[PDB]
Amino acid sequence: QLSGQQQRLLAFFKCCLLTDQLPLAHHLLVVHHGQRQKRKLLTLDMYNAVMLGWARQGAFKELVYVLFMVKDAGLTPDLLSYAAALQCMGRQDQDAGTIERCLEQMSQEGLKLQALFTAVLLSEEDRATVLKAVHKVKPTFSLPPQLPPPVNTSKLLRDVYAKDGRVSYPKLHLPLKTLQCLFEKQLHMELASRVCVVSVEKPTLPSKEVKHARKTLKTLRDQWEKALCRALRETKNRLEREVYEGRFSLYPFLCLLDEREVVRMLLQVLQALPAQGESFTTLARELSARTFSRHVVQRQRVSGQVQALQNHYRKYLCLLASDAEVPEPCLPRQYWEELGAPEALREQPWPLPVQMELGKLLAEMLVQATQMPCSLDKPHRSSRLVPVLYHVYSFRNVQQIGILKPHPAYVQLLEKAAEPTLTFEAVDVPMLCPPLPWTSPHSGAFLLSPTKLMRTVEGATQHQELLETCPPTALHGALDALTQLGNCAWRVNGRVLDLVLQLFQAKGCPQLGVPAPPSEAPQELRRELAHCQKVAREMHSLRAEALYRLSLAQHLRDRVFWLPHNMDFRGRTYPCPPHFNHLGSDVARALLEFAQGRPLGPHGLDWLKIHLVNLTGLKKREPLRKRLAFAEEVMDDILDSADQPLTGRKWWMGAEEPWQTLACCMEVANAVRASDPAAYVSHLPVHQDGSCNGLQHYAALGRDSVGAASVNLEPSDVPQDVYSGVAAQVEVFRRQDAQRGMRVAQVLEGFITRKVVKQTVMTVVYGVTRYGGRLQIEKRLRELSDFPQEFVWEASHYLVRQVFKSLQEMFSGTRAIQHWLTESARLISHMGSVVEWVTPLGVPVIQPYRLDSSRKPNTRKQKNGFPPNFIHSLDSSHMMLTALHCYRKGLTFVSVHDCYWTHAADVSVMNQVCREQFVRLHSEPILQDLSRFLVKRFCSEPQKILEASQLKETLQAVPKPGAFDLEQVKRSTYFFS
DNA sequence: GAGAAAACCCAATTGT
RNA sequence: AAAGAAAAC
DNA sequence: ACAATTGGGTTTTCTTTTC
Ligand SMILES: Nc1ccn([C@@H]2O[C@H](COP(=O)(O)OP(=O)(O)OP(=O)(O)O)C[C@H]2O)c(=O)n1
Ligand SMILES: [Mg+2]
């Protein structure tokens, strides 16, 4: 639509609004006014922007000049121009607030003044000044009254927002003053946008060469800072000269931030450069995004929104604090709106060309400015002024990419200096205060930085557009769930941290997940050397990850921290700080604990031992009674694991989840030797997971009796387990073929297990191909070290066979629903429309596939993605219902996606809630509601007759439900266990 | 400054 | 951006 | 029809990309 430069100049004029100094923007408008082609292709919004800026300045003469230019060249005044005129009259006093001209002209012309006060976004001060200038003539006008906040009246979300009920809303263990000073610490952390963490690499006793390298590095850093300041001044002068030469420039974009801050940015980006450095484009995009992240925070400091946030947050913490009370207990967003909330007013992101040009300019500045003497080993008087970073191209790849390499001496200086400090950005670290409530798609999560509501790659905006144009009460439960997942307080387990750091700083233990040092790689000649370099690179790449996660664990060791949460486009909720969270590896889950603990109660130690047995991986198919018996039998190994983790018989290393098993052995040993095990405060999360969840949801949509009996929707004394049935069938087939001398069938004995066929049997209901199942079985066979690696490939072809022998008596109505969904998605995409639906909790979901280069939907991708995305949206709705009705009863609830975590005391309660919020979820006609929504959405147009008829008879051919009572899932024991 | 690891699949979509 | 690996559902 | 494309879905992270 709009041109690149036409979109670019609007960002320019908004940027001149952002940092004042506005006559350069006015001068550029005058230069465009000089030549009639130069003011051509200029949109009206840039005139509105500069008028509003002069209104903020209070200059009426320039306002009238821009008005005259608006009536020139055929442009028409709109509402923002009258808002700017009334704002100028608000700042001034002449004409006594347009007695004679402006409001009378507006009323005569026919534009509505209620739309002036309400529709278009203005800040509170500008709204007040325009309100005063309107009150100059006809003072009897009043603003339309603020309505009481709307409450969602959806049937699934009626109980959570009904006042007539008993609620037990939990409170943090932290007093209000401590919470307030932690808010201050997080604010100071976000203001200086990066955090320094001491590295958990082995500290070395310093030597003379270490001092010499560090002194040289400090002198070089000071010289680089001076050089970057000179380069930034020269760039700012030349770009200001370009603005005064009447062309586009990025000079206000450099004037967004202080020169100190930009030089500190460039130096800290240089510090975290790889040894074989990052490409030009990624580094440029990082520089621009980091510049925007600092600009938002700086704008909130200057604009005064930080003090408003401070006041509101100190009034807000009374709901969460232990020693404070609210007059009526409410949900966190309801209390956030009850205390009159400020406008968020976070800046919308710039157009992508401006961002790219800013990044390349900053990167080329860093390449050009910083330099070093050539030789450090020989200190001659004549040393060549050599660059620190080099631009090289890459020959191997198809499309050549620029790579910035460090100068090779700098690598040895960084190795010998051995700086003990890593640097993180503030958004990649857990928050030190409770996060802001999710009150809108725009507000929530971090304090000063904007966070998306839906995680999207490549800047797809149709998800956010669906979330904005929905009815506002539809997202409430979703928002509530996200806030509920943010308010959980976490802490780091100390003993596990000491053990992992002992293994990490010493010789690493790759069996237990701890990466080994850069040494201890293994060491026809070229083949061996290439293998050693490849394995050494893999070892180094793993140990860097471990260094970052363990450094954050060391930093957050004596702290209480929070993880704000987010969604993807389906409804599924992930935490925002990436390095150290509970959706991670075994070590990440072992390090983490609830900061608030609850007493165990009668069923705390019982569920704790059940959780431990589930962690060891042994006894999966047994009832819970035999899980308890197994826990009671192996108690000596539990106590020896807890007492001597590394100098004992080391039974916990044999567990399927070994570090989590060690943490639970520590918790159990603390519980059993206590004087009163029942009144013991436990901080360890206990897990409950559902068996074959996508199959559970297919069975609940179909009401299939055999399907519901298959995935534990019908109660039984023993668990039912689909994958160990399919494994038994394939083992029967294998023995039959291996009796006939089939070599691939012969070399598989003891190698067909649940884990081999698990993902394939899980995935046949999502339309897997035989090729995808082959890669699944291949990756599961490569992990078994005992199995012959020469015969993996043929084994894979023998195992896509005999597993796809599930043709009859396996998931009939499940594949009927799957077929109807796939045909529905195929025929929706055949007309050219992406598949949209609404979650039963009200969340709109759209599929961002559109593989065109993005103009036309990719039919294959849409039909393959619709069954998993629909079932995943349903399980997210299940999770959010369970979370909300657990909040109403006082439960600390976090979710790892079919896996629900709580204290050991509340597990039964959560189970009850879980089953109820399944039953209420699928009692709704989800198939019928989806069918009529898709008929309304895609089959309501008169232009296409036959296509809409075929899609309508496809959509109205919904599969009929079977005969299964959903209430009986409330009686099920192994539904979630 | 300058060439035997080996990838092996095999049927539904899509630009042409 | 492409490749070598790793983790979670 | 012909040859190229593709392979059930989602989320996160690391050091290297000519030897
Ligand atoms: N590669 C994939 C694709 C989808 N899911 C989705 O997560 C759901 C449950 O996650 P799992 O950990 O695999 O648990 P189950 O399928 O229920 O198997 P189990 O009985 O052992 O818990 C199933 C499926 O809808 C998954 O875990 N892994
Ligand atoms: Mg599960």
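Residue numbers start from 1 in every chain, and the chains themselves are labelled A, B, ... in the order their sequence lines are given, proteins ahead of strands.
Checking A:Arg572 against A:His872 by side-chain atom types alone, a donor-acceptor pair falls below 3.5 Å. Side chain to side chain, A:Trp837 and A:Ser873 meet the donor-acceptor criterion of an N or O pair below 3.5 Å.
In this structure, A:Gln400 atom CD and C:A3 atom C1' are separated by 15 Å, rounded to whole Å. The interatomic distance linking A:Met762 (CE) with D:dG9 (P) rounds to 15 Å, in whole Å. Taking atom CD1 of A:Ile846 as the reference point, atom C1' of D:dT10 lies 17 Å away to the nearest angstrom. One interatomic measurement links the two molecules: CG of A:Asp875 to P of D:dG8, which rounds to 20 Å at whole-angstrom precision.
When heavy atoms are screened at a 4.0 angstrom cut-off, A:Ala530 is found touching no nucleic acid atom at all. Contact annotation for A:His579: backbone-only contact, meaning every heavy-atom pair under 4.0 Å involves sugar-phosphate atoms and none involves a base. Across all strands, A:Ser796 comes closer than 4.0 Å to no nucleic acid atom at all (heavy-atom distances). Across all strands, A:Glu278 comes closer than 4.0 Å to base atoms (heavy-atom distances). Residue contacts for A:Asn858: at a heavy-atom cut-off of 4.0 Å it reaches the sugar-phosphate backbone alone, with no base atom in range. Among the heavy atoms of the strands lying under 4.0 Å from A:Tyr849 are primed sugar atoms or P, OP1, OP2 only; no base atom is included. Across all strands shown, A:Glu538 has heavy atoms under 4.0 Å from sugar-phosphate atoms exclusively, and none from any base. Residue A:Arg527 is classed as a base contact, given a heavy-atom separation below 4.0 Å to a base. Looking at heavy-atom distances under 4.0 Å, A:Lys856 makes no contact with the nucleic acid at all. In this structure, A:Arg770 reaches neither bases nor backbone, as no heavy-atom distance under 4.0 Å exists between it and the strands shown. In this structure, A:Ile401 reaches the bases: a heavy-atom distance under 4.0 Å links it to at least one base atom across the strands shown. Residue contacts shown for A:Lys779 are absent, as no nucleic acid heavy atom lies under 4.0 Å away.
Side chain of A:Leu542, nearest nucleotide from D:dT12, C:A6, D:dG8: C:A6. Residue A:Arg570 has its side chain nearest to D:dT10 when only B:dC9, D:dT10, D:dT13 are considered. Comparing atom distances between the A:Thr859 side chain and each of D:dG7, B:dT14, D:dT10 picks out B:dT14 as nearest. Closest to the side chain of A:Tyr574, out of C:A1, D:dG8, D:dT11, is D:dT11.
The residue among A:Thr456 and A:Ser279 whose nearest nucleotide of DNA chain D is located toward the 5' end is A:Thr456.
Cation-pi check for A:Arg194 over A:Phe424 is not met; the charged atom does not lie both under 6.0 angstrom from the ring centroid and within 45 degrees of its normal.
The glycosidic torsion of D:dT15 lies within 90° of 0, placing the base in the syn range. With a glycosidic angle further than 90° from 0, D:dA4 counts as anti.
Searching all strands for a Watson-Crick or G-U wobble partner of C:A3 with both distances below 3.5 Å returns nothing.
Using a 4.0 Å cut-off between charged side-chain N and carboxylate O, A:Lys779 and A:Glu783 make no salt bridge.
Checked by distance alone, A:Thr281 brings no side-chain donor or acceptor within 3.5 Å of a matching partner on the base of C:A1. Donor-acceptor pairing under 3.5 Å, judged by distance alone, is absent between the side chain of A:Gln776 and the base of D:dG7. Checked by distance alone, A:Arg396 brings a side-chain donor or acceptor within 3.5 Å of a matching partner on the base of D:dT17.
With centroids closer than 5.5 Å and planes inclined by less than 30 degrees as the test, A:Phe395 and the base of D:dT18 fail to qualify as a stacked pair.
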Show me the dot-bracket string of DNA chain B, counting Watson-Crick or G-U pairs under 3.5 Å, with | for pairs to another strand and [ ] for crossing ones. ||.......|||||||
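Sugar pucker at D:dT11: north, on the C3'-endo side, as the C1'-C2'-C3'-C4' dihedral is above zero.
Under the ring pair (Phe, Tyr, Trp, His ring centres under 6.0 Å) criterion, A:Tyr723 pairs with no residue, sequence neighbours left out.
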